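> Sequence and experimental coordinates follow.
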Amino acid sequence: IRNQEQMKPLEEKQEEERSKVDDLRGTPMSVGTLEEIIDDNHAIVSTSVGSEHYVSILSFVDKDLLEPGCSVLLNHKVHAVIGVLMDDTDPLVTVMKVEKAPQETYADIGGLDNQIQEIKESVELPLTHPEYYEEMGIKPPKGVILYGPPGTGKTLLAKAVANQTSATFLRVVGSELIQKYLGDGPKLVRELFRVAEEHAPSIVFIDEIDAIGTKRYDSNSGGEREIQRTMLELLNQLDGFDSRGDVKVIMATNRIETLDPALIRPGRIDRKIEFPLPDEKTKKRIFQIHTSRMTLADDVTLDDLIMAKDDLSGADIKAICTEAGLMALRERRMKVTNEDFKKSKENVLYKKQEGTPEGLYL
Amino acid sequence: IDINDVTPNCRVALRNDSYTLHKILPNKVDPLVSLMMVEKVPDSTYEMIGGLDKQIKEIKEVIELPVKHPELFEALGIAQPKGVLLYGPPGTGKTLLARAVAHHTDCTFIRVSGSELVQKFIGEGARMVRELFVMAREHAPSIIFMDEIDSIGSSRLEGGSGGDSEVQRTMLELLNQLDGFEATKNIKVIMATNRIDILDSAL
Amino acid sequence: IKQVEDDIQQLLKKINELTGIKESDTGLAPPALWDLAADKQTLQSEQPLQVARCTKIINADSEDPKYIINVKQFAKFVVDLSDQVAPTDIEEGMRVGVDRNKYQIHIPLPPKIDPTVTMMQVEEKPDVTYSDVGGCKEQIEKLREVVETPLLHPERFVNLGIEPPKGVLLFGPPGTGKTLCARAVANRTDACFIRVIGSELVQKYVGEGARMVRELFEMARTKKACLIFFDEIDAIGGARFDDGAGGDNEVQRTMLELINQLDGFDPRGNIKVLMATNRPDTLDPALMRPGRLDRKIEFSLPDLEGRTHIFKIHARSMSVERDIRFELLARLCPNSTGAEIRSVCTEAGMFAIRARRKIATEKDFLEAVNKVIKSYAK
Amino acid sequence: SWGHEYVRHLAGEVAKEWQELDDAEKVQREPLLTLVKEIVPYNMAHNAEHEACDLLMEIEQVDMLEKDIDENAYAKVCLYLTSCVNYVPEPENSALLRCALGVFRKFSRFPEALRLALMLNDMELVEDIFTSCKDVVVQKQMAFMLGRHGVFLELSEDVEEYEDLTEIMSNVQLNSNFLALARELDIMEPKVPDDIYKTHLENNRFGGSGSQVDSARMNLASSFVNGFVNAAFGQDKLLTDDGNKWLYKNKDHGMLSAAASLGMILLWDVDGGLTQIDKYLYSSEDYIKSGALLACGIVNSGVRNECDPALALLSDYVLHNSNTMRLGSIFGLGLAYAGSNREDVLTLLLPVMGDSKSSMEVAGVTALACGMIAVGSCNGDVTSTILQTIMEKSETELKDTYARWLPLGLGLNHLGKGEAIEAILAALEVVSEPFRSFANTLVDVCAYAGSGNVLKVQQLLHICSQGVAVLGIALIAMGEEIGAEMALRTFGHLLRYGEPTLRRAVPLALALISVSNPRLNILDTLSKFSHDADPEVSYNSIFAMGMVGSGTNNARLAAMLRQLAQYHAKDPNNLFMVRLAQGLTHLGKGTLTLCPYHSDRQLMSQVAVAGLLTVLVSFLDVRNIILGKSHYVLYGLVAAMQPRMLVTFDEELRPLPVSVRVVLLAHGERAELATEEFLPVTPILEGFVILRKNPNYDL
């Protein structure tokens, strides 16, 4: 009954309002742009029509949804605001894909275990535990650096981590920020930061660059100016605003001794993560998972191929199997033999080396 | 007419004093890049030029069979191969072989010229490399030939690093993520070179 | 339940506004809407400009009564008798006044010393106050005297007949509290902190760069009492004397343009400039020279006692057991600036968290030094 | 079982079925009732208090609660049940509080009975708690805490003007049976507490303000602020000397005010204060005569003793022709009786009430004067007079302002009152007024101490589809927790109506809640309301802001005062309002405060809210819609005052310092979150307390 009472005057009032908007809404409706916001009940507008008319805003749309430089709808002869335009373009920034929860996990690699705890404690752990950060009173590191011969576990570990962590992953290719155009490169780094802030919490994966390698002793040079001009703005963004979790940074570089200590800045980055070289046991572990996928046979001697191997990371190993698997496929058999493994192990050995040895230190 | 009836990117008739859609015309495309040349039919075949005979089976077996038939591979337990590189004496007939392959594969041949992706206009180059990938997916299956790193000589330039390889390198990284978030592809990358010294350490 | 109420809210506002638009529609009207983000009991009647947008321009003058001032590509039309009252201040245009170009057209409001259009970061008051003081201690003492004191007690300086500097310079590594210090005074001093990134000001096409420098200064003048924070000016700060060799000229033009405004006819006003350099050496003698740059405020290797104050700041958040003393360790530890001193502490809390303890320990501290000693050397 | 679903399943199931019937069935009889009881102590032992507490809700007897426990703390169980009551069901009656009150006492948790007793304080409770006390320590500790701010033993010293609640002490004094002492009684109705407050105010001081200056508008503001700032101690010498130049210059309401300000300095001195005023009161100018009357009233406040019979003067005026003087004596008289109901004051007021005053004197504000007194005890006489004036509508429709006041007066008389309101409700509902419909929700809410109900919120939308509906909201949020969430919701509806009356009323309602804890977000919305169209709305807003910061002197309070200062001349009225604020800010001196929430009991103070509410609608004439009212109402602010300080007396007239942990004060200054190093032996309490550890620490 209380409802009925509100309802009796309301229904008509409800219709009347809809009639009133329709009068404004009436075709056509021209897009135009709000130049700037003059807070003493004014604003600057640029019209590509002709007439402009200073109006009071409707109550559906407010000025709190108006931003400077925004697109809005104007009528073509009473030039008034029906609504703000709701059609926005593509992020124009440098190469990015955003992905929520990727397929892969970190249970597939093995024997690498220690490194895996390091990223764990930094990134994953505060999300899991508020109050452990409160006791200590501090943030886990803003960002980490993963360093090794290009992604054989660096790349693997990142993919895995995004699923775990359950926030948006954005992967940016850093070389692509470099442009030989005066405006372009700086605009991009500032758009990259802009994009982060909206999507927060978010993970930033920075793929290695050439441009983080050079600082010299000048702060800018008559050489390629842009690479350092850009390098600086990376720093300004970082040392201007610290995140505990709003942005998490994964940085990647082939060698970290290329980097600059300016770039690190202690108290943002405290963690430097190093992939050990191939260690003999590890090779067998990594392998056992790769063979499982594939056909296997009772004439395979798993150790013998691993033993024959020395200083080869998981990628070549993943590769050997794939190569061999192709040979088999040509034979139109799904049975694997020793022979297959031998030719593939030889091809990859042939290609990496032509050097001479520095051993025999005994 | 109602809004379900329209499908984006149609040429249409709008009235001028009532501003409603009287009719919809046929459809329309756009060149965002300063050179669009896509070939859905080829300029080459097997008997395009002869003496290729030893090579035809070898490329074929590498490229066609996984795209045509994914099921056999899946069953065996191997991952799809991402991209292929061909090296040999300049533009003898090498390129032709790629175009023969796209025809057989029954896909689009998309030649993207690397240097045409970068603009002195602000931001347009950065947007361009990324933008192309999304297009191919709607177009899928497709062949992305990186054009301008070796050609017959139909199109200027043989070789180039740091902006034919560098844009191509980017593609390898986009694909690495793709490989993690899917398990069947239909996007092949074709690189052509003569030189082994145009190849970066990353490559 | 809520819905009934919301509908009633649209409708009541609508009826009053429809009457007002019908009325405003007659005789036409200025740029097209009202946005409020101040108060309605303070309303300006001077509005910013550098070009004159006109839409009608109704006025009172004898030689004609609806005079116009444009410069626009199409309709650059102007007064029919020069210098006769036209805009009605900022009536029917909201920035109608005068054109920078000139056609001997009336000026009720200037084309310079205005905020106009901008791309700016203005950053309302911070919250930080003391967070690395101890060796940042000297830098604080001087910065207050230069920035704060003239604004607090100007009347005193006049009696004496002394005028305070216009700019101070900051150097050493950023994010060590060199950076903090500028925000920490900004919050205390209560004057708008305006952040311009010099690197951004750099543009793809010439003359634009100068234009920007100029715009900044016009806004700066209007507001009197403000701080211009220049983030790592060296991009368009000095290095450079070589006089071009291919667009080392374009960046040099900006550097020279700034000098003109500083050395020029303007005077200081209540405007303060904070400059940020890496090593000050880079910068050119013109940038260094008195009659703009006078005080250079420095950073330093922090004394032992100092380190302890920083640690003391940190120890309020961090659960401790005080029966051990950090200063003894600190003498043994590498001498290093403020940022490493907070970082070792921060590292210390983690070890606890793994240990499954809630209070600090002597043990944690030993560990931190080995990593940190390694981290500078990469 | 003994602690599983099983036990809880059986007991609750037997209970719920039995209870409904109004019979003793098969499912239970008296030994079956004992089987329900057995499940409650097992759960207590297990410390599965959640199961136990719900069983206590279901059995629907609090007799069972007592039966369970004959060992262990009574107090711990009950508190868990009391919280559980407000959360899950939304309770409707004041029964649940009253039942709750007894259970704390057995174990000797008399501070909790005291915590709970205040707000919704009934004539029955004060007596119930007292009967139970037979410990010397507890007895003395109540006497201090009731002394601080009475409302049934007022702050009266020796003049009896009540319907007896003072006589419990008289009877027990003859032959001690609950330990009422001759000494104890001074604390209980306060001479010595009132004296101590006065000394603190006198010591701490705060110097002169303004100069003589020129202009009428500026003179008035200056004399007004001077009088608040210098609220205690004789520095009145400066005004009196130059009484030609200063005081006279003002005309209209302002000359009355100017005179009245001497009363402000005099505040709390009964003897010297009233007498000095009397010289100017008889003879002199007609303005000086009125302005004095107002001044006698302010001095007289917060006590019943006198030295200038206000009743005598008021009586005389009905007989003569002095209509102008009479208005003012009644405001004066309203301050003087200070929250004490008496049939005599009611008789005296009644012929003046009876006549229509709206243009005979440009006011009929007299309802506010009647109101301020009528907070404290409900009698038949009072009830009957208010009902009849509303019923007539012979003064409840003449000016629209009056039309809110007479209905509001009913609610103020019924504030915090129990079972007695049910009789009235029926009478109210039968006569029809636009006002009365809002009023149905409002009569219940003042008596019950709030009621948020979804159905209640909705009824409010239907009537809308006026001041009286809106003020009531503020009560419900002050009350319960569930009442708070519903209020926020209720006020959302108000913001949607753009209608001008609705718009005006809402900032006051916010102001009333947010003065007990000043907070930064509620103040930004009132600042917006100030800047929107219409003068009348803007005035109500600037006032709201002034109220909200009122708490700890010059704290967050400074930022809110500055905020008023920026729009101190967007109207000439604004300029006056803002000067008034500066006066109010230095008025406290850290001896007194305004904040309905004190941290002596940690709860709200029934009296404090009532003071703030009467001033709130119409401080000034120039405020809101200008129908011809008054400016007098402003003096009313004294009523709201609550002292918050730590003073310890280890006998009850012999102070001894205590070591303060949360500082190191026992006279002057103030302490946030007062705590003692040696706290009572088991009736553990802060604020004004006896320490029975009796510590020999000295400052």
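Everything's here; your move. Residues are numbered from 1 along each chain as shown, chains lettered A, B, ... in the order given.

> Quick check: residues of chain B near chain A?
Contact residues, chain B versus chain A (C-beta under 8 Å from any C-beta of the partner chain): B:18-20, B:61, B:72-73, B:75-79, B:81, B:118-120, B:122-123, B:125-127, B:129-131, B:166, B:169-170, B:173-174, B:176-177, B:180-183, B:202. Just so you know, the C-beta spots here come from the backbone N, C-alpha and C atoms, and that holds for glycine as well.

> Which ones, among these, also lie beside chain C?
Near chain C, by the rule C-beta under 8 Å from any C-beta, you find residue B:122 out of those.

> Which of the residues of chain B next to chain A fall in helices?
Judged by DSSP state H, the residues of chain B next to chain A include B:61, B:72-73, B:75-76, B:125-127, B:129-131, B:166, B:169-170, B:173-174, B:176-177 as members of helices.

> For chain C, what is the nearest residue in chain B?
residue B:122 (6.1 Å; C-beta to the nearest C-beta).

> can you pull the contacts of the closest residue to residue D:282 other than its chain neighbours?
Spatially, and ignoring its direct neighbours in sequence, residue D:282 is nearest to residue D:289 (7.6 Å; C-beta to C-beta, 6 or more residues apart in numbering or on different chains). Taking C-beta atoms under 8 Å, 6 or more residues apart in numbering or on different chains, we find residue D:289 in contact with D:280-283, D:325.

> what's residue D:289 sitting at in phi/psi?
phi -60, psi -50 (degrees, to the nearest 10).

> Give me the distance between it and chain A.
51 Å (C-beta to the nearest C-beta, to the nearest Å).

> Residue in the stretch 401-550 of chain D with the shortest distance to chain B?
Nearest residue of the stretch 401-550 of chain D to chain B, counting by C-beta to the nearest C-beta: residue D:496, 32.9 Å away.

> typo on my end, chain C
Residue of chain C nearest chain B, by C-beta to the nearest C-beta: residue C:204 (6.1 Å).

> so that residue sits right up against residue A:180, yeah?
No. The pair residue C:204 / residue A:180 is not scored as a contact, 11.5 Å apart, by C-beta atoms under 8 Å.

> Chain A: strands as residue ranges?
Ranges of strands in chain A, per DSSP state E, are A:30-38, A:40-46, A:71-74, A:96-100, A:143-147, A:168-173, A:202-207, A:247-253, A:269-274.

> mind giving me a markdown table with the ones you listed and columns for mean neighbour count and distance to chain D?
Formatted as a markdown table, the strands of chain A follow (neighbours: other C-beta atoms under 10 Å in any protein chain shown; distance: least, C-beta to the nearest C-beta, whole Å):
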| stretch | mean neighbour count | distance to chain D |
| --- | --- | --- |
| strand A:30-38 | 18 | 17 |
| strand A:40-46 | 20 | 11 |
| strand A:71-74 | 20 | 24 |
| strand A:96-100 | 15 | 34 |
| strand A:143-147 | 21 | 34 |
| strand A:168-173 | 21 | 30 |
| strand A:202-207 | 21 | 29 |
| strand A:247-253 | 23 | 28 |
| strand A:269-274 | 19 | 36 |
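
> Distance to chain C for these - can I get that in CSV?
As requested, the strands of chain A are exported to CSV (distance: least, C-beta to the nearest C-beta, whole Å):
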stretch, distance to chain C
strand A:30-38, 5
strand A:40-46, 4
strand A:71-74, 6
strand A:96-100, 21
strand A:143-147, 9
strand A:168-173, 19
strand A:202-207, 17
strand A:247-253, 11
strand A:269-274, 6
